[PDB]
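Participant:
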Amino acid sequence: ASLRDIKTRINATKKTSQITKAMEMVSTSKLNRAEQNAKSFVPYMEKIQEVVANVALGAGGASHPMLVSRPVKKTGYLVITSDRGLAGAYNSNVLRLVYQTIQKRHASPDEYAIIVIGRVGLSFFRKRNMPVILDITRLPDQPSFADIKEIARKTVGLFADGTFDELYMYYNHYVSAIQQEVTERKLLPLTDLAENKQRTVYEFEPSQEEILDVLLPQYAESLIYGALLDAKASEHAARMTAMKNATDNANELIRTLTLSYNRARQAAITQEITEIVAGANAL
Amino acid sequence: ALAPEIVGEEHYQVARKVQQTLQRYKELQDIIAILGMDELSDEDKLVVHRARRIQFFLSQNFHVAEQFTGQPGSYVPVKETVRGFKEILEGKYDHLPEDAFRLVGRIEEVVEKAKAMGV
Amino acid sequence: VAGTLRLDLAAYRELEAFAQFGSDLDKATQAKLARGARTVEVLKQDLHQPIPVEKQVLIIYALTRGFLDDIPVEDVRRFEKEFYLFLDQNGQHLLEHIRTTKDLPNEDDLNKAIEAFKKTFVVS
Amino acid sequence: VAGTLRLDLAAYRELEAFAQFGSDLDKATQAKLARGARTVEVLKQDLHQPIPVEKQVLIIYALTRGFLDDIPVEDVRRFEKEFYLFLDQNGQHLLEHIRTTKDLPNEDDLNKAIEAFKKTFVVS
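Protein chains in written order, with the authors' numbering: chain G, 2 to 284; chain F, 353 to 471; chain A, 378 to 501; chain C, 378 to 501.
Next comes the structure, spelled out in structure tokens:
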């Protein structure tokens, strides 16, 4: 019967709406913790940025290869994507921009490499047969530094060993609950470095060569960690927005179905009463 | 009359493929309405992309409708129809906007309309 | 006492479908779920065993004033049973006051009685 | 041979009801989805094209035993047609045994005949 079919559709849509509302609330709860992590990470990054700004320029010349460009033979690309989908365009924008840039500026068969963070990115680059060197998945909803320290160290070592001469990273930047832009950063080698107004000089022990050789990998790892935190926050915000939109659509579908349910109910009552009266009159 | 031994093997295959892709597009409608295009798999995006163009190309301008719109109308042979739908199914015209397929007729009119629009 | 119980039950019925998520807002949703579970446990009753109105008032007051927030949800029923026993043993003044005035007794006396019972209550 | 086909189709439908967006991608779920898709492709038929019960027994045997698990879905139907043609020439004694005793032949001989046909089959 049409009445029972409409009732079943309404029940299914209500269940979907409830599930989406639960997902939205969970996403907001996780976004709070992501923002807390982003707030917590600030002082270490600020201190290391001040130290590197003081030491790398003004205190001496380019004593390390990571401070000076070299002729390009290979490029490293680091992409951060969510392990689970169900977020609006969050992974799609990053993957599309990365693929477009690769095809339109690069992509000789052996001219690049990909570092993938996320099952979505893994599946994308495996399906499109894009070569991948390093891999990491199943990261926690609030990743810690020890989780990605190994992969960041491996990336830094691969760059330092001359496997590729420049490294780029792509991720979603968090602005508000609505805006998540895709940002591109030339991570290596340290082409741009801001000036620090303190201008403090320490007595280097030993000379600045080892100081820089120890400091630079930590700076790169900190930058990677900050990008990862921003990407996690953007993912949570995008999931929240998508779930809210899904709930609104479900509610609209529910009311449009209730109208038809009322119409079918009236039709059924009319038909039943007409049949009963006709049967009575037949006698 | 829609049988392989009557209309031809190519005609039958093209019709069956068109019906299959239209059925898949119809099935995806509830998910499209609830979540949107973002949650479809990679091949479902292609299915929707082809199905919308096929549905629009199924339309036609009529000779009797000229007095109400000014469009002269068209008479499309079955061979031309089959060739155009096969070309659409093969992905030859995936770049053209879907509005170019609206009320043209032959497959070349789609290209002419898109070029006039500025593609 | 009925109004706060109604509000708590309404909130728990609103948020009941999402109880299996311990990752929700640690302040609002968790507290509402914890209160609602105990409210549902309190509202349960045994067959053919009606409860006097004064004891109902006292137990609902204890539930709605937060005195049950630390008692386990599985031990809420036992808490109620031994609370009734403790009442009929040594809260006769409160019971008589409620019966003869249709109004709540002194808040401090009621709170002291509830705390005294909680001191001797044992949790599994 | 066909005792487990109902379970196979039930699992395939249950998983496919949401697998196009769930992204669960568990290994068992993927294997079940592939097996169900291959079975659904096998079950198709053309109008006015009856086939003998012995050949049906053999083809569902090959499907259920997993011998065609590596064959592409689009190639499954051509695989079935080529298998019928191959059985029309070799392995005819298996068909005679099935049609005379209403029971499966020796499993090893059937398996080796299937492997021989699979080797002589051209995968596209």
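Positions of the beta carbon are idealized from the N, C-alpha and C atoms, including for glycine.
Using the beta-carbon of each residue, which ones in chain C are nearer than 9 Å to residue 426/F?
Facilitator: By Cβ distance, chain C contributes nothing, its closest Cβ being about 35 Å from residue 426/F, past 9 Å.
Participant: For the segment 377-402 of chain F, which residues have a beta carbon sitting closer than 8 Å to at least one beta carbon of chain G?
Facilitator: 385, 386, 387, 388, 390, 391 and 394
Participant: Taking only beta-carbon positions, decide if residue 406/A is within less than 9 Å of chain G.
Facilitator: yes
Participant: Check whether the segment 429-439 of chain F and the segment 413-420 of chain F are in contact - that is, three or more C-beta pairs closer than 8 Å.
Facilitator: no
Participant: Leaving out five residues on either side along the sequence, give the residues of the same chain with a beta carbon under 7 Å from the beta carbon of residue 152/G.
Facilitator: 135 and 137
Participant: Starting from the C-beta of residue 439/A, find all residues in its chain whose C-beta is less than 8 Å away, skip the five residues before and the five after it, and write them out in chain order.
Facilitator: So the list reads 445, 460 and 491, once near-sequence residues are dropped.
Participant: Can you find a C-beta in chain A that's less than 9 Å from the C-beta of residue 19/G?
Facilitator: yes
Participant: Can you name the residues of chain A whose CB is closer than 8 Å to the CB of residue 322/G?
Facilitator: The first residue shown for chain G is 2 and the last is 284, placing residue 322/G beyond what the model contains.
Participant: Identify which residue in 215/G, 201/G and 229/G has its Cα closest to the Cα of residue 207/G.
Facilitator: Here the closest residue by C-alpha is 215/G.
Participant: If contact means a Cβ-Cβ distance below 7 Å, which residues of the segment 393-426 of chain C contact chain F?
Facilitator: Listed in sequence order: 397 and 398.
Participant: Along the chain, where does the beta strand (DSSP E) containing residue 203/G start, and where does it finish?
Facilitator: It is not in any beta strand (DSSP E) - residue 203/G carries neither H nor E in the DSSP assignment.
Participant: For a minimum of 3 consecutive residues, which ranges assigned as the beta strand (DSSP E) are wholly contained in the segment 74-117 of chain G?
Facilitator: 76-81
Participant: Hey, quick one: how far does the beta strand (DSSP E) through residue 419/F stretch, first residue to last?
Facilitator: Here residue 419/F belongs to no beta strand (DSSP E); instead the alpha helix (DSSP H) covers 418-421.
Participant: Measure the alpha-carbon distance for residue 437/F versus residue 27/G and round it to whole angstroms.
Facilitator: Their backbone Cα atoms lie some 47 Å apart in a straight line.
Participant: Since residue 385/A is in the alpha helix (DSSP H), which residue starts that stretch and which ends it?
Facilitator: 379-392
Participant: If you follow the alpha helix (DSSP H) that residue 455/C is part of, which residue opens it and which one closes it?
Facilitator: Run containing residue 455/C: 450-466, per the alpha helix (DSSP H) assignment.
Participant: Just to confirm my understanding: we take residue 99/G, look at its own chain, exclude 5 residues before and 5 after, and list those with CB closer than 7 Å. What are they?
Facilitator: Closer than 7 Å at the Cβ level, and outside the excluded window around residue 99/G, lie 78, 80 and 171.
Participant: Are residue 229/G and residue 144/G closer than 9 Å when you measure CB to CB?
Facilitator: yes
Participant: What residues from chain F crowd round residue 93/G, counting only those whose CB sits closer than 9 Å?
Facilitator: 390
Participant: Would you mind working out which of 443/C, 399/C, 412/C and 437/C sits nearest residue 85/G, comparing C-alpha positions?
Facilitator: 399/C
Participant: Run the CB neighbour count on residue 443/C, radius 10 Å, all protein chains shown included, and call it buried at 16 or more, exposed below.
Facilitator: exposed
Participant: Give a yes or no on whether the C-beta atoms belonging to residue 127/G and residue 133/G are separated by under 9 Å.
Facilitator: yes
Participant: Closer than 7 Å by C-beta to residue 60/G: which residues in its own chain qualify, once you throw out the five before and the five after it? Chain order, please.
Facilitator: 202 and 209
Participant: Apart from the five residues on each side of it in sequence, which residues of its chain come closer than 7 Å, Cβ to Cβ, to residue 10/G?
Facilitator: 258
Participant: What does a CB cutoff of less than 8 Å around residue 236/G pick up in its chain, not counting 5 residues either side in sequence?
Facilitator: Answer for residue 236/G: 83, 88, 91 and 173, listed in chain order.
Participant: For residue 62/G, decide whether its Cβ has a neighbour in chain F, counting only Cβ atoms nearer than 9 Å.
Facilitator: Not closer than 9 Å to any Cβ of chain F, the Cβ of residue 62/G fails to qualify, so no.
Participant: Short check: CB of residue 248/G to CB of residue 21/G, under 9 Å?
Facilitator: Closer than 9 Å, so yes.
Participant: Can you find a CB in chain F that lies within less than 9 Å of the CB of residue 86/G?
Facilitator: Output row for residue 86/G: interface = yes.
Participant: Would you say residue 12/G faces chain A, with C-beta separation under 9 Å as the test?
Facilitator: no
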